[PDB]
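**Q** Shown below is the structure under consideration.
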Amino acid sequence: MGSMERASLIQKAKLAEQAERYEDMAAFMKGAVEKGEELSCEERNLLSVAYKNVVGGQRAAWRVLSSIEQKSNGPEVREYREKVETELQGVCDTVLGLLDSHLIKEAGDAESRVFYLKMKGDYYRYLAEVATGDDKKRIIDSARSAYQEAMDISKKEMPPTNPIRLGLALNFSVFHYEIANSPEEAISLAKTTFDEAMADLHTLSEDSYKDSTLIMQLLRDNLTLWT
Amino acid sequence: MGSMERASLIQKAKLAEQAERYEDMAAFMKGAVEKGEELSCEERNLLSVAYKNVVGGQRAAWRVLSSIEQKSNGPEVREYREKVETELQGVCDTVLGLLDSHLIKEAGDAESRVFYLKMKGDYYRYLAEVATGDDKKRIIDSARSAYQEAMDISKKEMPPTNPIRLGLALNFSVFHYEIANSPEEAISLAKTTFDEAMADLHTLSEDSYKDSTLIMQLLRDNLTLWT
Amino acid sequence: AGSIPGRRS
Amino acid sequence: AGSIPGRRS
Ligand SMILES: *Cc1ccc(C(=O)NCc2nccn2C)cc1
Ligand SMILES: *Cc1ccc(C(=O)NCc2nccn2C)cc1
Ligand SMILES: [Ca+2]
Ligand SMILES: [Ca+2]
Ligand SMILES: [Cl-]
Ligand SMILES: [Cl-]
Ligand SMILES: [Cl-]
Ligand SMILES: [Cl-]
């Protein structure tokens, strides 16, 4: 997208979201990132929404095919699962490459740095979901390390009700439960995150209250499922 | 897909449908068609389902963008609508090329020939939905001609409750109403199709009865909307 | 106006 | 277990 204006790429990313053309949206936002300028809060959200939808479709397809493959155990089901898996890994590698070149190193504010590091943890987590061989442990540790740095910054720099801090804790708790085989750590993190946010709600406006309580409900939904 | 077995392409098309990977499904069925053999009833359905989903996503996006474009009247919205429109036209041209090379000319049975000619009418209709300039009239006549030949065969060779005959009449009626500016012809066709199917239901098994009445309900839904 | 859905085999 | 949906901006 080197020949398109940055502002036009952002505008078309918003149009693609309205049209539910998430592959286009991701390509537009990849082009915007590669312009080399830092991203605004709104622009970071567009980047995240685009790739979450693309990878979300790939993850759903991989789970369908992996389930069919396990029920069978010709080469077609394995071959097609491998093809979807390779495409998923390519998308994750593309996102991680954008974070590494050079979104994270130029992110100095807590809101931007925590956002990108949470993304890094998320896309290593998606890689871990399909990983088996020599690198699954290293991918898991890469996810954990990114989540952990984001946690450390968010505890120092953000109030307990900050939606980025809450969503980071939510996803790190899912990492603990689903990836790291640490359900007790998952439950403890979700509980402490919820309780500390509850105690900070009195400081918020009506609109901020709605934003934070929505994510706290997701933490509560998981705790209900895990206990 | 020249290096993949025909049977493997068909198997993977079914897997892609289960995974809701309709672009893959269409590519697999395009590969199967290009093997040069005629398609079975089930295989024709896979071809149709795959491309209907692909073009359906493109049509939905085009309508979203066209609506935004009309509300605005920079170049971004027009440019992006044009890009989606060009991709939609490419998909329609690909399907029409498959029908012309060489599905239709090798289709001798009524069930296969009517199925393919209905497809031809459908994908010219999708081209007509976005057509404006010098060729919109010629595209409309190409759709009408394909639908008309399919109608003529289905009246001669199929019972009035045959689901292909019913679905052909349904879509031809939508063509009349939405494309050809002939709402009276649309209503008359839907009414006569419904009434003649009703009078033939007594000949059907329990399962065939369910198949036919489902499509007759779609005819009734349109008549309710049009009258 | 609805054409044949035709999105599921 | 639900992560952040994050599919709508
Ligand atoms: C990773 C993550 C965390 C939180 C959200 C979210 O939906 N936040 C709601 C909100 N309220 C004000 C501002 N924002 C972003 C999405 C993704
Ligand atoms: C163009 C078209 C017409 C009809 C259908 C459909 O859903 N038919 C149901 C049915 N019952 C027995 C066999 N079939 C195909 C789909 C598309
Ligand atoms: Ca510029
Ligand atoms: Ca062969
Ligand atoms: Cl494959
Ligand atoms: Cl900076
Ligand atoms: Cl464009
Ligand atoms: Cl033949």
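Chain identifiers are assigned as A, B, and so on, following the order in which chains appear in the structure tokens; residues are numbered from 1 within each chain, and ligands are numbered from 1 in order of appearance.
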Write out as an MDAnalysis selection string each polymer residue (protein, DNA or RNA) that has an atom no more than 12 Å from ligand 2, with only C-alpha atoms and all ligand atoms counted.
**A** (chainID B and resid 41:49 52 111:112 114:123 147 150 161:172 204:219) or (chainID C and resid 3:9)
**Q** Need to verify the contact set: residue 2 (chain C), 8 Å, only C-alpha atoms, exclusion of same-chain residues closer than 4 positions in sequence. Can you return it as number ranges by chain?
**A** B: 174, 218, 221-222
**Q** Can I get the residues close to ligand 6 as a PyMOL selection string, where close means within 6 Å and we count only C-alpha atoms and all ligand atoms?
**A** chain A and resi 106-108
**Q** Excluding region 77-79 of chain B and any residue of its chain fewer than 6 positions from it, enumerate the residues within 9 Å of it, using only C-alpha atoms, and give them as a PyMOL selection string.
**A** (chain A and resi 11-12+15) or (chain B and resi 65-66+68-69)
**Q** Could you save the residues just selected, with N, CA and C atoms, as an mmCIF file, in the first residue's frame?
**A**
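result.cif, freshly written:
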```cif
data_model
loop_
_atom_site.group_PDB
_atom_site.id
_atom_site.type_symbol
_atom_site.label_atom_id
_atom_site.label_comp_id
_atom_site.auth_asym_id
_atom_site.auth_seq_id
_atom_site.Cartn_x
_atom_site.Cartn_y
_atom_site.Cartn_z
ATOM 1 N N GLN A 11 -8.971 5.912 6.315
ATOM 2 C CA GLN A 11 -10.364 6.076 5.913
ATOM 3 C C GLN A 11 -10.921 4.788 5.317
ATOM 4 N N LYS A 12 -10.147 4.128 4.453
ATOM 5 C CA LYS A 12 -10.621 2.889 3.847
ATOM 6 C C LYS A 12 -10.692 1.753 4.859
ATOM 7 N N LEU A 15 -14.028 2.168 6.310
ATOM 8 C CA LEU A 15 -15.030 1.696 5.359
ATOM 9 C C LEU A 15 -15.078 0.173 5.314
ATOM 10 N N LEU B 65 -21.104 -0.036 0.743
ATOM 11 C CA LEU B 65 -20.260 1.037 0.225
ATOM 12 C C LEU B 65 -21.021 1.936 -0.743
ATOM 13 N N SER B 66 -21.870 1.348 -1.594
ATOM 14 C CA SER B 66 -22.672 2.154 -2.511
ATOM 15 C C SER B 66 -23.596 3.094 -1.749
ATOM 16 N N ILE B 68 -23.045 4.345 1.314
ATOM 17 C CA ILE B 68 -22.202 5.417 1.843
ATOM 18 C C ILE B 68 -21.838 6.395 0.735
ATOM 19 N N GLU B 69 -21.563 5.876 -0.463
ATOM 20 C CA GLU B 69 -21.171 6.735 -1.574
ATOM 21 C C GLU B 69 -22.303 7.674 -1.972
#
```
**Q** Output the neighbourhood of ligand 8 as number ranges by chain, that is, all protein and nucleic acid residues with some atom at most 12 Å from the ligand, counting only C-alpha atoms and all ligand atoms.
**A** B: 36-40, 102-113
